[PDB]
Amino acid sequence: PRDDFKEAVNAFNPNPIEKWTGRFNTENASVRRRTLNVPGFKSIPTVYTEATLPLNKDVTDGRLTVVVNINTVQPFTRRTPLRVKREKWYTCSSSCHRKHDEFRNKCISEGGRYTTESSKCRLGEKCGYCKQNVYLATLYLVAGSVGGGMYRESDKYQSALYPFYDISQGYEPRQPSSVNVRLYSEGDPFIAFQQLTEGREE
């Protein structure tokens with residue numbers, strides 16, 4: 001559990017990632033060394049290279065194409081949809097008629113669509129869900145280590161965020177004019193945190 005994370009943090013070597021300069025599309029990349037604050041641990045080092053991509057000709061028919069040309073990393077291209085769906089379920093908890101229809105209203109009100117799954121919203125019941133439009137703000141990429149000081153985009157980790165799919169990215173209710181791109185190493189504690197935990201707590 002926490003020991004597996006301990007195993008990852010200690011093994012992590014951020015030194016090679018300090019060389020990950022280059023470009024995401026047009027923009028120059030900048031290596032960022034930051035700290036991961038988790039209870040019971042000294043400040044954990046997380047390192048990635050990043051850039052801010054403006055929405056321009058890199059957008060075509062709702063998809064953002066990013067070309068990754070980072071040093072020591074075998075270059076690759078990634079395509080990501082600007083828009084995806086966010087499905088959230090309402091459960092009638094002890095905390096549900098009054099709290100149910102507002103959840104319903106928020107969904108509609110915020111541009112989403114609500115779907116009923118039960119004729120009546122009883123305690124402990126999945127009464128329905130909201131399908132919400134969310135838009136790409138932050139894009140996480142992962143490069144797996146190859147021998148000889150070289151890297152290559154990770155097949156298993158299509159993202160740095162659990163569950164690590166292509167679309168497992170930072171999506172917002174309101175689409176920004178620019179997208180922030182980030183490239184991680186597989187051994188980064190942020191990914192290890194995400195994996196072992198999924199929900200940012202141990």
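Residue numbers run from 1 in the order of the sequence given.
Here the side chains of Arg33 and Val31 are not in contact, with every heavy-atom distance at 4.5 Å or above. Within the 4.5 Å cutoff, the side chain of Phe12 has heavy atoms near those of the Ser185 side chain. Side-chain contact between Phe103 and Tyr114 is present, with at least one heavy-atom pair separated by less than 4.5 Å. Side-chain contact check for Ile17 versus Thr49: every heavy-atom pair is 4.5 Å or farther apart. In this structure the side chain of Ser154 never reaches within 4.5 angstrom of the side chain of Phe164, judged on heavy atoms. Side-chain contact between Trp20 and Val47 is absent, with no heavy atoms from C-beta onward closer than 4.5 Å. Residues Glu202 and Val38 have side chains in contact (heavy-atom distance under 4.5 Å, counting atoms from C-beta outward). Counting heavy atoms from C-beta on, the side chains of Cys130 and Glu110 come closer than 4.5 Å.
The two residues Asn69 and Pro75 make their nearest non-hydrogen contact at OD1-CB, 3.3 Å. Across all their heavy atoms, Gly149 and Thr72 have their closest contact at O-CB, 3.7 Å. The nearest pair of heavy atoms linking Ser178 to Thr52 is OG-CG2, 3.5 Å. When all heavy atoms of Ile108 and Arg113 are compared, the pair lying nearest together is CD1-CA, 4.3 Å. The two residues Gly62 and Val59 come nearest to each other via the heavy atoms N-CG1, 4.4 Å. Closest of all the heavy-atom pairs between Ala143 and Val73 is CB-CG1, 4.0 Å.
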Check step by step if side chain to side chain contact (heavy atoms under 4.5 Å, CB included) holds for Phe24 and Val67.
CA-CA 6 Å; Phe24 293 97; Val67 188; over 6 Å; no
Applying side chain to side chain donor-acceptor pair (under 3.5 Å) to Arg86 and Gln132, what does each step give before you reach the verdict?
CA-CA 5 Å; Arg86 179 213 191 194; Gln132 197 181 348; 2.7 Å; yes
What verdict does the side chain to side chain contact (heavy atoms under 4.5 Å, CB included) test give for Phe41 and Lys6, after you've listed the backbone C-alpha separation in whole Å, the side-chain angles of each residue and the deciding distance to 0.1 Å?
CA-CA 9 Å; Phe41 294 86; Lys6 271 184 176 183; 3.7 Å; yes
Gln169/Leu136 under side chain to side chain contact (heavy atoms under 4.5 Å, CB included): CA gap, chis, key distance, verdict:
CA-CA 7 Å; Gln169 313 296 349; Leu136 189 67; 3.6 Å; yes
Using the rule given for side chain to side chain contact (heavy atoms under 4.5 Å, CB included), can you reason through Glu153 versus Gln158, listing the C-alpha separation, both sets of side-chain angles and the distance that settles it, and then say yes or no?
CA-CA 8 Å; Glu153 80 168 306; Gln158 288 293 98; 4.3 Å; yes
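Hydrophobic clustering (side-chain heavy atoms under 4.5 Å, transitive across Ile, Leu, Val, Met, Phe, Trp, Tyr) keeps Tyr151 apart from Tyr140. Residue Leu53 is grouped with residue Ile70 when hydrophobic side chains (ILVMFWY) are merged at heavy-atom distances under 4.5 angstrom, including chains of intermediate members. In this structure, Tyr48 is not a member of the same hydrophobic cluster as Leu141, with clusters built from ILVMFWY side-chain heavy atoms closer than 4.5 Å. Side-chain heavy atoms closer than 4.5 Å link hydrophobic residues (I, L, V, M, F, W, Y) into clusters, and following such links, possibly through other members, connects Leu139 to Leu55. Note: the hydrophobic cluster containing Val68 does not contain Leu161 (ILVMFWY, side chain heavy atoms under 4.5 Å, direct or indirect links).
Atom NZ of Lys120 and atom NE2 of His97 lie 10.0 Å apart (nearest 0.5 Å). From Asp58, atom CG reaches atom OG1 of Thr60 across 8.0 Å, with rounding to the nearest 0.5 Å. Taken from CG in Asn28 to CD in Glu50, the straight-line distance is 11.0 Å, to the nearest 0.5 Å. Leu82 CG to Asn133 CG: the interatomic distance, rounded to the nearest 0.5 Å, is 12.0 Å. The distance from atom NE2 of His100 to atom OG of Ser118, rounded to the nearest 0.5 Å, is 7.0 Å. Residue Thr91 holds its OG1 atom at 9.5 Å from CD of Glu125, rounded to the nearest 0.5 Å.
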List the atom pairs, donor and acceptor, that lie under 3.5 Å between side-chain atoms in residues 189-201 and the rest of the protein, sequence neighbours left out.
residue: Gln194; atom: OE1; partner: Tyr162; partner atom: N; Å: 2.9
residue: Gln195; atom: OE1; partner: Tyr157; partner atom: OH; Å: 2.4
residue: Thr197; atom: OG1; partner: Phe193; partner atom: O; Å: 3.3
residue: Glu198; atom: OE1; partner: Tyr162; partner atom: OH; Å: 3.2

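More than 12 heavy-atom neighbours from other residues, nucleotides or ligands sit within 6.0 angstrom of CZ on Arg2. For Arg63, the CZ atom is densely surrounded, since the number of other residues' heavy atoms within 6.0 Å is greater than 12. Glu7 CD: 12 or fewer foreign heavy atoms inside a 6.0 Å radius. In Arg23, the CZ atom is not crowded: 12 or fewer heavy atoms of neighbouring residues, nucleotides or ligands sit closer than 6.0 Å. Other residues, nucleotides and ligands contribute at most 12 non-hydrogen atoms within 6.0 Å of the OH atom of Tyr165.
Using a 3.5 Å distance cut-off with no hydrogens or angles, the side chains of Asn180 and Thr138 do not pair a donor with an acceptor.
Scored by the side chain to side chain contact (heavy atoms under 4.5 Å, CB included) test, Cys96 finds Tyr90, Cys92 as partners (sequence neighbours excluded).
Ion pairing of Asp166 with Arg79 is absent here, as no side-chain N (NZ or NE/NH1/NH2) approaches a carboxylate O to less than 4.0 Å.
If you chain together ILVMFWY residues whose side-chain heavy atoms come under 4.5 Å of each other, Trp89 ends up grouped with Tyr129.
Checked by atom type and distance alone, the side chain of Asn25 never pairs as donor or acceptor with a backbone atom of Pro54 at under 3.5 Å.
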